[PDB]
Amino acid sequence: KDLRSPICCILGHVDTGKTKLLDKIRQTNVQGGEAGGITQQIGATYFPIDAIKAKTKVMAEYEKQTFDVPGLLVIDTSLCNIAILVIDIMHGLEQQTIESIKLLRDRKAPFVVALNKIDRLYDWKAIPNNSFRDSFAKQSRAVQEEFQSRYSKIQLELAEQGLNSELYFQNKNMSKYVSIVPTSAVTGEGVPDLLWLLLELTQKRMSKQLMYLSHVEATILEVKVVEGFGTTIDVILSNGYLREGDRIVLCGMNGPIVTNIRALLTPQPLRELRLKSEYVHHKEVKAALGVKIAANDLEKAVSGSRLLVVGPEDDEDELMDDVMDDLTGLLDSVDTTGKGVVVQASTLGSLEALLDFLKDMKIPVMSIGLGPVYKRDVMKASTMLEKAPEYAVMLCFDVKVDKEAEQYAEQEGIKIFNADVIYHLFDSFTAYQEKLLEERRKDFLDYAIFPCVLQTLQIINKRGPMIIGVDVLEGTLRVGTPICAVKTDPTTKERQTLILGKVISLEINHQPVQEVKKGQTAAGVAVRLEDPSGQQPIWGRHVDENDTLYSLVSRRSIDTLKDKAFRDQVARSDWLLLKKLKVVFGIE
């Protein structure tokens, strides 16, 4: 079959040696020879299949060699056919590695582990650019022992993340279990193994996805101003052809963009000057490669967008909506019932990450946007100055705030969070959010109410103190929880809350307990109530066995649960139950 080059994406923190590794992978030098024609493309490194043959020849000692693809495309960092996750063998799994994993697990992206820094093993004797198994067999038992120890431990850490993993040459299910390749960015050892392994995971196992199509599949990786071309887009082309003159369609920061390709540019191999970039122009390019596109009207292009070519039979305005679906999807996250915070980002990826980060922090999003922040955008935020000032906030990632807009912001006191790095923004905002919750909380007697719904099985003591036997229908019942009924006053047709009091104590089979959840018991729970402020409703007269009871929850009580010390212990079911109780209590 006719296949294009597999696209590989490499992830890791700088500290793992990730960038050193990539640079080692690129170099021309190998054992007795040179790897020829490795080219820097736009936002990617291209390895022609012959360069790959040269870099993996040493692998002929351990494996059958086949070459069914034209080459291999690597992106530094699902458009990726395969991801390479670099882990430091001397550190093991760290927090960021855990995050990259969940990310890959969520997106169903296949990946391999590069177990980097084996040169740091004590007494390691390097053979430059060798295969792993060859150098390894030449090492002392001490070196071998240290490797086994640190490797076996990382294997267990990966198992903790729900990943079954194995050294690649011992992997009995390469399509399921994660293959581990030991490497060294310093010596080049294991690089032949990694490249070999990437072919073995793509050529046949993913050939269907590598089948060269005529239909254009392209993705904008970066939006960049270039001397002489104005604003260009760096794209990865994964299927089809791009040609000068092609009418392209992409997502912009103010709706779809239609234009025509003016130039198709790749780096000039040998530049006369170090600060004057220039490019080879091409009439056409074939998947798969990284290529820069020049064209009018790209000034508002957004990184992360798909790029489509309007064909003969294709409708233009139809394809314009198609490319807006990715953002449209992200719009589904915004608050429909009123408003929350304003979010602005540089790319579709960074926006999705911010939304997701705000989602699990349970912070509502009023509005979303891409690119530079203007007066208009901060003016959207000013509509929260009256309602909830806690959300008179903008969360910006990697975007310029206009001078006018910045000046308006402190004129009206709107908080602007902005960062070039995702984590600093994430942390600095979580920092500010953690200040606000400490300030506000000291206003009511009980901080954080957990949600529950209760069915009264029997009244145990009518009053002084009211003690009720119940069945926990939903959620979790706790000591300190204020319990109530909700009943409609016939005279006014108004729904009223009838507070019975706060749980002093809980007993199951006459043995005390600190909390009871749905399913814990089937014997009933005796609930001892402390009187409330003002008159306790009278059993029979005001409240009886046919009334469903609820944790009394409030806007305030809900915000409190969004503190770090509660957020982790609130099951998903309890958040869902809280949403229902809002309707019971009339909380917007």
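In this text, residue numbers run from 1 along the sequence as written.
Check the residues of the deposited sequence separating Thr77 from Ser78 and report how many of them have no coordinates, as none, 1 to 3, 4 to 9, or 10 or more. Missing residues, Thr77 to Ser78: 10 or more.
Averaging CA B factors per stretch from the PDB record, which one is higher: 16-24 or 568-576? Result of the comparison: 568-576.
Comparing 67-75 with 389-397, where is the mean C-alpha B-factor higher? Looking at the recorded C-alpha B-factors, 389-397 comes out higher on average.
Residue selected from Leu457, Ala295, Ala185, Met379 by maximal Cα B factor: Reading the PDB entry, the winner on C-alpha B-factor is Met379.
Peak C-alpha temperature factor (PDB record), options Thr548, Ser551, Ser533, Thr45: Answer for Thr548, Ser551, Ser533, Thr45: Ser533, with the highest C-alpha B-factor.
Pull the Cα B-factor of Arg133 out of the PDB entry and bin it into the chain's lowest, middle or highest third. For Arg133, the deposited C-alpha B-factor lands in the lowest third.
Among all modelled residues of this chain, ranked by Cα B factor, put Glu352 in the bottom, middle or top third, i.e. lowest, middle or highest. Middle third.
For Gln170, does the deposited CA B-factor place it in the lowest, middle or highest third of the chain? Its C-alpha B-factor, which the entry lists for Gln170, ranks in the middle third among residues of this chain.
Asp50: which third of its chain by C-alpha temperature factor? It belongs to the middle third of the chain when residues are ordered by C-alpha B-factor.
Which third of the chain does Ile363 land in by C-alpha B-factor: lowest, middle or highest? Its C-alpha B-factor, which the entry lists for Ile363, ranks in the highest third among residues of this chain.
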